[PDB]
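Novice: The structure that follows is given in the form of structure tokens.
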Amino acid sequence: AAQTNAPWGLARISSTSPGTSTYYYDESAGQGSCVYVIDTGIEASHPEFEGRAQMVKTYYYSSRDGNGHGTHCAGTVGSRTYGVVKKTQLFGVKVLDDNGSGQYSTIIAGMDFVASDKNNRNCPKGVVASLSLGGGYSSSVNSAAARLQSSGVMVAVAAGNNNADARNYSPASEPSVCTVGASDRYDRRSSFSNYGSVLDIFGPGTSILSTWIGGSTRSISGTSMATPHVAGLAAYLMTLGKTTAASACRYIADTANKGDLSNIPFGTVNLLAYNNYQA
Ligand SMILES: [Ca+2]
Ligand SMILES: [Hg+2]
Ligand SMILES: [Hg+2]
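Counting in PDB author numbering, the sequence shown runs from 1 upward without gaps.
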């Protein structure tokens, strides 16, 4: 299948060069897989989700996304127009408040929740979790991420947006999960993207168009935005039967576009997520 005039990030992940505009993908489109989006919530009624999204847990007074961030990131995972895996099922877990902030204790709870909840869902092709969030280093937050991964969920996390070594950030610095940096249209590392040896892979993160709250759309930048491109790609590859939850991050790095990115500091991987599609 081909989506013509797609968002640049979608085109980039199905191409071996920058500057294309068509997103090529297998029609299976991640059907039978599930992606938990752990964020500010999801506006599940947005038409772009086609009834494939639902809120399963909140840690605040409401389950509604009053922020937009979570809705945007879900959209990059699996909205019709803006999504990598256009037929995946999306589950929203609200660990962040409507200002975009949350305590580590509640972020940890949300992770432990997903590890258990996936046991009562029908997700034949596997289960992914997308965490476009993070803060300063915390061994407890790293440990919760590691548990979620070991439970059999493909965990993809943001590297952080400080233009710094991601070793000092939590979400990011846990080696066992998939830590994602951000790149821009021209194949440069995004100016804000964290880097370092703990990064596994880069995805598109600058000027990413997707769904927003109030049934709208919006372009936003941040290494947060790259995360869902890799989460969606994992779900897509898992439904194809190419890889499993446990080995997805490695499989993605193995099959990545290698050496394309500029402004990568020595000691950081130069690998850009790539679907390897062939008609
Ligand atoms: Ca890793
Ligand atoms: Hg987000
Ligand atoms: Hg986003």
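Don't be surprised by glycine CBs; every beta carbon is placed ideally from N, CA and C.
What are the residues that DSSP puts in a beta bridge with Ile201?
Specialist: What you label residue 201 is simply residue 201 of the sequence shown in a count that begins at 1. Note: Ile201 sits in a beta bridge opposite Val180.
Novice: Based on Cα-Cα distance, which residue from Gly222, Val177 and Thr206 lies nearest to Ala253?
Specialist: As a working mapping, residue 253 is identified with position 253 in the sequence shown. When each option's Cα is compared against that of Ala253, the closest is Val177.
Novice: So which of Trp8, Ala1 and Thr4 has the shortest CA-CA distance to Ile220?
Specialist: For this step, residue 220 is matched to residue 220 along the sequence shown. Ranking the options by Cα distance to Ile220, first place goes to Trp8.
Novice: Taking 8 Å as the cut-off, does the stretch 241 to 253 touch the stretch 175 to 195 (at least 3 CB pairs, one atom from each stretch)?
Specialist: Segments in contact, yes.
Novice: Three or more beta-carbon pairs under 8 Å between the stretch 31 to 48 and the stretch 65 to 73, yes or no?
Specialist: Yes: the two stretches touch, three or more of their Cβ pairs being nearer than 8 Å.
Novice: Check each candidate in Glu174, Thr227 and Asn263 and name the one with the smallest Cα separation from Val77.
Specialist: Translated into positions along the sequence shown, residue 77 becomes position 77. Closest by alpha carbon: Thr227.
Novice: Under a Cβ-count criterion, where at least 16 other Cβ atoms within 10 Å of its own Cβ denotes burial, should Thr211 be classed as buried or exposed?
Specialist: Numbered from its first residue, the sequence shown carries residue 211 at position 211. Buried is the call here.
Novice: Mind checking whether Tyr195 and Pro124 have CB atoms under 7 Å apart?
Specialist: To locate residue 195, count along the sequence shown from 1; it is residue 195. To locate residue 124, count along the sequence shown from 1; it is residue 124. No; because the gap between Cβ atoms is not below 7 Å, this pair is not in contact.
Novice: Would you mind reading off the limits of the beta strand (DSSP E) that contains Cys34?
Specialist: Taking the sequence shown and counting its residues from 1, one reaches residue 34 at position 34. Where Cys34 is concerned, the enclosing beta strand (DSSP E) stretches over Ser33 to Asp39.
Novice: Whole angstroms is fine: what's the gap from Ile13's alpha carbon to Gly267's?
Specialist: The count along the sequence shown starts at 1 and reaches residue 13 at position 13. The count along the sequence shown starts at 1 and reaches residue 267 at position 267. Rounded to the nearest angstrom, the two C-alpha atoms are 23 Å apart.
Novice: Apart from the five residues on each side of it in sequence, which residues of its chain come closer than 6 Å, Cβ to Cβ, to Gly160?
Specialist: Residue mapping note: residue 160 aligns to position 160 of the sequence shown, counting from 1. The residues are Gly134, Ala166, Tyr169, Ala172 and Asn194.
Novice: Which term fits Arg121, buried or exposed, when burial requires 16 or more other beta carbons within 10 angstroms of its beta carbon?
Specialist: Counted from its first residue, the sequence shown places residue 121 at position 121. With fewer than 16 other Cβ atoms within 10 Å, it is exposed.
Novice: Taking 6 Å as the cut-off, does the CB of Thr255 come closer than this to any heavy atom belonging to ligand 1?
Specialist: The count along the sequence shown starts at 1 and reaches residue 255 at position 255. For ligand 1, not one heavy atom lies less than 6 Å from the Cβ of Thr255.
Novice: Does ligand 1 have a heavy atom nearer than 6 Å to the CB of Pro175?
Specialist: Counting from one through the sequence shown, the residue named residue 175 turns up at place 175. Checking the Cβ of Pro175 against ligand 1 gives yes.
Novice: Buried or exposed: which applies to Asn5, given that a residue is buried once 16 or more other Cβ atoms fall within 10 Å of its Cβ?
Specialist: For the purposes of this step, residue 5 is taken as the residue at position 5 of the sequence shown. When all chains shown are included, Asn5 counts as exposed.
Novice: So, are the CB atoms of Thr88 and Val35 less than 7 Å apart?
Specialist: Residue mapping note: residue 88 aligns to position 88 of the sequence shown, counting from 1. Residue mapping note: residue 35 aligns to position 35 of the sequence shown, counting from 1. Their beta carbons are under 7 Å apart, which means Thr88 touches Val35 by this criterion.
Novice: List the residues that DSSP assigns as beta-bridge partners of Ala53.
Specialist: For the purposes of this step, residue 53 is taken as the residue at position 53 of the sequence shown. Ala53 is bridged to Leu90.
Novice: With a threshold of 16 other CB atoms inside 10 Å of the CB of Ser262, please say whether the residue is buried or exposed.
Specialist: Position 262 of the sequence shown, counted from the start, is the residue given in the question as residue 262. So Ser262 ends up on the exposed side.
Novice: Measure the CB-CB distance between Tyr59 and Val95 and report whether it falls below 7 Å.
Specialist: In the sequence shown, counting from the first residue as 1, residue 59 sits at position 59. In the sequence shown, counting from the first residue as 1, residue 95 sits at position 95. It is a contact, given that the beta carbons lie within the stated cut-off.
Novice: Within 10 angstroms of the Cβ of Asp65, are there 16 or more other Cβ atoms? Answer buried if so, exposed if not.
Specialist: On the sequence shown, residue 65 is found 65 positions in, with the first residue counted as 1. That one is buried.
Novice: Quick one: Cα of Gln278 to Cα of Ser207, how far?
Specialist: Here residue 278 refers to the residue found at position 278 of the sequence shown. Here residue 207 refers to the residue found at position 207 of the sequence shown. Cα-Cα distance, rounded: 27 Å.
Novice: In whole angstroms, what separates the C-alpha of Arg188 from that of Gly205?
Specialist: By one-based count along the sequence shown, residue 188 stands at place 188. By one-based count along the sequence shown, residue 205 stands at place 205. Straight-line Cα distance between these residues: approximately 11 Å.
Novice: Please state whether DSSP places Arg64 in a helix, a strand or coil.
Specialist: Looking up residue 64 in the sequence shown gives position 64. In the structure shown, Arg64 sits in coil (DSSP, three-state: anything other than H, G, I, E or B).
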